[PDB]
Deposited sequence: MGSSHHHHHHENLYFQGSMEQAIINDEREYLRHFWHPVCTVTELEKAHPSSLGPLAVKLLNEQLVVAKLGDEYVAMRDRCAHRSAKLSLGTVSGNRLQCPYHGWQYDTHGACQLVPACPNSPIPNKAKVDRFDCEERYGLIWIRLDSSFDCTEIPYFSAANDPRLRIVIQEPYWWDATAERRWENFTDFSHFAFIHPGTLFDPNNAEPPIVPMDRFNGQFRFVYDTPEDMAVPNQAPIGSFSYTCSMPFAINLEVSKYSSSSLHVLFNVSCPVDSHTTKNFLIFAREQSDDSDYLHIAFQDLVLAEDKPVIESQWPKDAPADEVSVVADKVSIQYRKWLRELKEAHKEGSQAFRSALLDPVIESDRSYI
């Protein structure tokens, strides 16, 4: 728990906009979500997406069992009404008495982007941004948001599974494995603007990764001589110590085919990964795991996470430098 405090400083996705709209017939929420083992409630009050602790200040009922009425979230028990800042503005039992100063619940940064709702629990370092999705606002690409998928595995283990190629022959022999490539070689990895950037050439094409730390991956798959750009954007919500809620958004230039051709293929790949990733134990990678040279991406990821954790302990400027300082291995200029 002590181990995870630095993660409160990043933006994490908690639901799709669709999930929020489907939660209650109002289409405005509320929706209960859980992030880093914190119980939160999300709602649309007026034009704004709001995130609060899911716990009424009065008698601790869950506001996620309440009702959105315009610009208020009403508690289901004694009807206290909370505004967009988390402050109670109506105590129905005492409508003329002054509202206690303590009648407020914690309110957190909450923004929509790419069709997902993002929450940042701690904004005090003021140096993190919502992860980068390269296909946003590209009018050449059709964008599809998949339904979220829940895994009994941590966000770190999910991230390392997504960026590893070594497992293709064994987990994805008929779906992703390329017998003409088999073992892609180690590549240079750059840190830039709080992202890992690395590229694999096929060259006939390229797999270009832009990974916004700590849990988001933007993968651009391109081919020359063809206009066949495909973008996969994967991000894991660290729900608690053993669970992730995962979001996949994909974009494609050739969009005359069915969205479900791609959804079904992506779901097959995920079904192949799922039982093996969920089997990994203990849930957090212990020091006794044995790496080999082909594990470069995982090794460098673990190293940067540990540096962020240590920098968080030293405070805001140390964290901003650990996250945002460039570290270039490649021949590229950014």
Exercise for the section: Map the modelled residues onto the deposited sequence and report the uncovered stretches in sequence order. Expected result: 1-24, 227-236, 369
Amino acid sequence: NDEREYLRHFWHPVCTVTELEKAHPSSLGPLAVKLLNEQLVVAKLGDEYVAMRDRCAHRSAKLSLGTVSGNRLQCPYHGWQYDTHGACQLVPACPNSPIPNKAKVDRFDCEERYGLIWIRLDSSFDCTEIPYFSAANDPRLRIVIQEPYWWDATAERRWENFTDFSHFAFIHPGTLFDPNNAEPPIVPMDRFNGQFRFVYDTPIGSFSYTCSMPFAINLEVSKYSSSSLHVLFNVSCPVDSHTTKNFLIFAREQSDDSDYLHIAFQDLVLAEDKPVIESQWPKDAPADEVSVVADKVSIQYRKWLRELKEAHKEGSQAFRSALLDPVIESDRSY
From here on, numbers count along this sequence of modelled residues.
Completion exercise
When mean C-alpha B-factors in the record are compared for 93-101 and 143-151, the larger belongs to 93-101
Fill in the blank from the handout: For 260-268 versus 170-178, entry-based mean Cα B-factors point to 170-178
Fill in the blank from the handout: Note to self: of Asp83, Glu253, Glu129, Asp106, the C-alpha temperature factor tops out at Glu253
Fill in the blank from the handout: Of the residues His9, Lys22, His12, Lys313, the one whose Cα carries the largest B-factor in the deposited record is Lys313
Problem - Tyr77 by Cα B-factor - lowest, middle or highest third of the modelled chain - result: lowest
Practice task
Using the B-factors in the PDB entry, rank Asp47's C-alpha atom against the chain and give the third, lowest, middle or highest.
Solution key: highest
Practice task
Select lowest, middle or highest to describe the third in which the CA B-factor of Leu40 falls within its chain in this entry.
Solution key: lowest
Completion exercise
Binned into thirds over the chain's modelled residues, the C-alpha B-factor of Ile249 lands in the lowest
Fill in the blank from the handout: Tertile call for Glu156 (CA temperature factor, within chain, third-based) is the middle
